[PDB]
Novice: 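Right, I'll just put the structure down here and ask away after.
Just so it is clear, the values below take in all heavy atoms, side chains as well, and ignore hydrogens, waters and symmetry mates. Lettering follows sequence order; numbering is per chain, from 1.
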There are 2 protein chains.
Amino acid sequence: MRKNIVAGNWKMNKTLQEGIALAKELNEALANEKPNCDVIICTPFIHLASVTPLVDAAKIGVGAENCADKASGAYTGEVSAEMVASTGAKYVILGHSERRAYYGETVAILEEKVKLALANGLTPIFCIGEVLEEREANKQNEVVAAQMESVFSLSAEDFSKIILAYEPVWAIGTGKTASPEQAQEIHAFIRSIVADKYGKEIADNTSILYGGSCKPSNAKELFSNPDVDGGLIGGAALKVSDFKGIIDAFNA
Amino acid sequence: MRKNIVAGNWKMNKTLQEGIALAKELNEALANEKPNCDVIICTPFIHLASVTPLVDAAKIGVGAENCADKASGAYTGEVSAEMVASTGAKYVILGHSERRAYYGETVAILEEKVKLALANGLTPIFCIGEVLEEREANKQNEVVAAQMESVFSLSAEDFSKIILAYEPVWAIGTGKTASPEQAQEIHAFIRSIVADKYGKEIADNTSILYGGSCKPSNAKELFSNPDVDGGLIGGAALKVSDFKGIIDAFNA
């Protein structure tokens with residue numbers, strides 16, 4: 001059955017000590033219940049080895065926010081998929097809109113990063129999404145379809161190992177908001193192109209997370225949509241009560 | 001007095017466990033002597049917090065291999081200078097030839113990264129160097145002078161806090177080698193442009209490390225040059241006996 005998932009993307013926030021304390025605080029806050037979803041914290045590279053021993057692995061997984069497009073070697077400053085896996089992390093965000101925008105990540109580079117993540121037993125959280133000019137031109141479907149080429153070269157077995165996350169990049173800094181109806185529409189389209197590629201069973205087993213603004217006050221309405229399987233959380237990931245309030249949206 | 005320094009750049013090598021074991025092995029190998037130089041290990045981001053407690057801080061410092069061009073925030077995958085400092089690391093490599101070549105690092109980006117490193121108490125190891133086509137055209141001096149603009153916007157007080165490293169990028173994969181005489185020539189030129197900017201005292205206090213191929217068999221000849229103050233070590237950084245053999249070149 002398709003997994004519901006709440007994954008926090010800490011982005012470039014938290015010193016070593018703050019990230020350790022945040023992970024401890026989140027673990028304490030979830031101690032008295034079994035969340036009705038998978039929960040993941042995606043941290044900067046510096047925290048991974050320090051936070052994996054601090055969280056109940058039956059409730060909280062750990063992810064990196066990126067990995068390199070090579071397995072190892074003369075790539076000063078880069079951190080490989082094998083390195084990420086060696087910390088105990090089981091997930092990696094790939095293709096985040098900030099890396100596409102600022103760091104030149106292309107379809108080909110992301111295709112290689114996904115392969116390396118899978119070769120090291122990591123679950124990619126593969127991000128897609130269109131910018132304001134694309135949304136205003138009604139090009140969102142063709143944009144996300146083109147971005148999915150990084151993962152549609154995978155075999156069916158390999159594709160079944162990945163999570164997708166949709167980012168309405170057009171809603172950043174513009175005052176705009178993707179309504180729950182708009183989120184459902186594009187999530188349904190994404191699932192349909194997965195089905196076109198691999199058939200309905202693979203598509204129906206893919207978790208497609210909403211990566212726009214997600215807060216305790218809007219999470220239940222977003223997640224109640226049939227094609228929205230949880231969230232890749234930004235700002236609310238950095239405050240325990242807000243992150244837990246989103247996790248609570250899946251309570252039975 | 002100007003510092004002699006042997007700094008190892010691990011590049012994108014070593015799982016978490018391998019880097020911990022390598023740091024322990026190096027610490028054990030240096031236990032019975034006080035090296036006659038500063039010694040630094042520059043590791044991937046994943047190791048920093050795990051390796052700083054394992055090395056004798058009076059003998060071995062720890063560095064990162066890069067840091068972000070922003071202080072904090074919505075830069076998924078990037079690790080900030082503040083994050084690096086919070087691990088106990090005191091150094092950061094900036095401007096390595098691999099990042100200039102592969103990751104689009106410009107004069108302006110590197111100027112900002114150096115400022116952020118200094119704002120967080122880190123000592124930059126700022127790398128410069130020309131490629132084969134530039135060396136064959138005898139343009140090495142103008143190339144390194146242009147690259148130094150990222151740091152010549154610093155005040156004299158701030159510039160005094162940085163280390164330089166010269167990379168003969170033209171010697172990678174071409175069968176070529178920068179002779180000790182060639183290393184001395186370009187190191188002397190680099191020191192002369194530091195003197196042109198800040199005066200002779202600041203220039204005479206700047207450590208300028210050789211970043212080409214450095215092994216136990218060539219380290220004494222390289223380091224005996226008056227303008228070569230040690231090395232930024234590549235392959236030999238990953239084997240204790242080789243790294244120690246380079247450190248031994250400074251023995252009295």
Novice: Is it the case that the side chain of A:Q17 and the backbone of B:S86 share a donor-acceptor pair, with hydrogens and angles ignored and the cut-off at 3.5 Å?
Specialist: yes
Novice: Between A:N225 (side chain only) and A:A188 (backbone N and O only), is there a donor and an acceptor less than 3.5 Å apart?
Specialist: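 It does not hold such a pair.
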Novice: For residues A:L118 and A:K161, report the shortest heavy-atom separation together with the two atoms involved.
Specialist: CD2-CB, 3.8 Å
Novice: Would you say that A:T43 contacts A:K14 through its side chain, given a criterion of any heavy-atom pair below 4.5 Å between the two side chains?
Specialist: no
Novice: Does the side chain of A:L54 reach to within under 4.5 Å of the side chain of A:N27, using non-hydrogen atoms?
Specialist: no
Novice: For B:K115 and B:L154, indicate whether the former's side chain and the latter's backbone hold a donor-acceptor pair under 3.5 Å.
Specialist: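 No; judged by distance alone, with no hydrogens or angles, the pair does not exist.
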Novice: Using side-chain heavy atoms (C-beta onward) and a distance below 4.5 Å, is B:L110 in contact with B:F126?
Specialist: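 Of all side-chain heavy-atom pairs linking B:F126 with B:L110, at least one is under 4.5 Å.
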Novice: Within the structure provided, determine whether A:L30 and A:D56 are in side-chain contact (heavy-atom separation under 4.5 Å).
Specialist: no
Novice: Can you check whether B:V131's main-chain N or O pairs, donor with acceptor, with B:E134's side chain at less than 3.5 Å?
Specialist: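 At least one qualifying donor-acceptor pair exists.
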Novice: Keeping B:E149 on the side-chain end and B:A146 on the backbone end, is there a donor-acceptor pair under 3.5 Å?
Specialist: no
Novice: How many angstroms lie between SG in B:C67 and CG in B:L122, if you round to the nearest 0.5 Å?
Specialist: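 One finds 7.0 Å between SG of B:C67 and CG of B:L122.
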Novice: A:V92 and A:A117: which non-hydrogen atoms are nearest, and at how many Å?
Specialist: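 Nearest heavy atoms, A:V92 then A:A117: CG1-CB, 3.7 Å.
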Novice: Does A:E78 come within less than 4.0 Å of A:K70, counting only side-chain N to carboxylate O?
Specialist: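 Salt bridge: no.
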Novice: If you measure from CG on A:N13 to CE on B:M83, what distance do you get to the nearest 0.5 Å?
Specialist: 6.0 Å
Novice: I'd like to check B:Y91 versus B:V84 (side-chain heavy atoms, cut-off strictly below 4.5 Å). Are they in contact?
Specialist: no
Novice: Go through the steps for A:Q182 and A:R135 under the test side-chain contact (heavy atoms from CB on, under 4.5 Å), then give the verdict.
Specialist: CA-CA 11 Å; A:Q182 289 177 309; A:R135 166 62 62 142; 3.9 Å; yes
Novice: With side-chain contact (heavy atoms from CB on, under 4.5 Å) as the test, would you mind laying out the steps for A:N218 and A:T177 before giving the verdict?
Specialist: CA-CA 11 Å; A:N218 72 4; A:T177 298; 5.9 Å; no
Novice: Which value, rounded to the nearest 0.5 Å, describes the distance between A:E136 atom CD and A:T174 atom OG1?
Specialist: 8.5 Å
Novice: Check for a donor-acceptor pair, side chain of A:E82 on one end and backbone N or O of A:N120 on the other, with a separation under 3.5 Å.
Specialist: no
Novice: Rounded at 0.5 Å granularity, tell me how far CD1 in B:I41 sits from NE2 in B:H47.
Specialist: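 Reported to 0.5 Å precision, the distance equals 9.5 Å.
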Novice: Distance only, no hydrogens: is a donor on one side chain within 3.5 Å (strictly under) of an acceptor on the other, for A:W170 and A:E130?
Specialist: yes
Novice: What's the verdict on side-chain contact (heavy atoms from CB on, under 4.5 Å) for B:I125 and B:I40, showing C-alpha distance, side-chain angles and the deciding distance?
Specialist: CA-CA 11 Å; B:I125 301 169; B:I40 309 164; 4.3 Å; yes
Novice: I need the minimum non-hydrogen distance between B:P44 and B:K11, along with the two atoms involved.
Specialist: CG-O, 3.4 Å
Novice: Is the side chain of A:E105 donor-acceptor paired with the backbone N or O of A:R100 at a distance under 3.5 Å, no angle test?
Specialist: no
Novice: Spell out, as yes or no, whether a donor-acceptor pair under 3.5 Å connects the side chain of A:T52 to the backbone of A:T87.
Specialist: yes
Novice: State, with a plain yes or no, whether a side-chain heavy atom of B:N66 is found less than 4.5 Å away from one of B:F45.
Specialist: yes
Novice: For A:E18, is the CD atom crowded, meaning more than 12 foreign heavy atoms sit under 6.0 Å from it?
Specialist: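 Buried by this count: over 12 neighbours within 6.0 Å.
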Novice: As a quick check of understanding, evaluate side-chain contact (heavy atoms from CB on, under 4.5 Å) for B:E65 and A:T76, giving each step before the final call.
Specialist: CA-CA 6 Å; B:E65 294 178 21; A:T76 294; 3.8 Å; yes
Novice: Has the side chain of A:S207 got a donor or acceptor atom that lies under 3.5 Å from a matching backbone atom of A:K3?
Specialist: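 Pair found, side chain donor or acceptor close to backbone of A:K3.
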Novice: Looking at B:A71 and B:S80, what are the two nearest heavy atoms and their distance?
Specialist: O-CB, 3.3 Å
Novice: When rounded to the nearest 0.5 angstrom, what is the spacing between CD1 in A:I162 and CD1 in A:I208?
Specialist: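 The CD1 atom of A:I208 is 9.5 Å from CD1 of A:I162, to the nearest 0.5 Å.
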Novice: Looking only at non-hydrogen atoms, find the nearest pair between B:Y75 and A:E98 and report the distance.
Specialist: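 Residues B:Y75 and A:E98, closest heavy atoms: N-OE1, 3.4 Å.
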Novice: Test your reading of the model: is there a side-chain donor-acceptor pair from B:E142 to the backbone of B:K139, 3.5 Å cut-off?
Specialist: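 Checking the backbone N and O of B:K139 against the side chain of B:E142, no donor-acceptor pair under 3.5 Å is found.
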Novice: What's the shortest heavy-atom distance between A:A219 and A:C214, and which atoms?
Specialist: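 The answer is CB-SG, 4.1 Å.
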Novice: Rounded to the nearest 0.5 Å, what's the gap from CG on B:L164 to SG on B:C127? Could you check?
Specialist: 9.0 Å
Novice: Hey, are the side chains of B:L48 and B:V62 touching, using non-hydrogen atoms and a 4.5 Å cut-off?
Specialist: yes
Novice: Mind checking whether A:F152 and A:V194 have side chains closer than 4.5 Å, heavy atoms only?
Specialist: yes
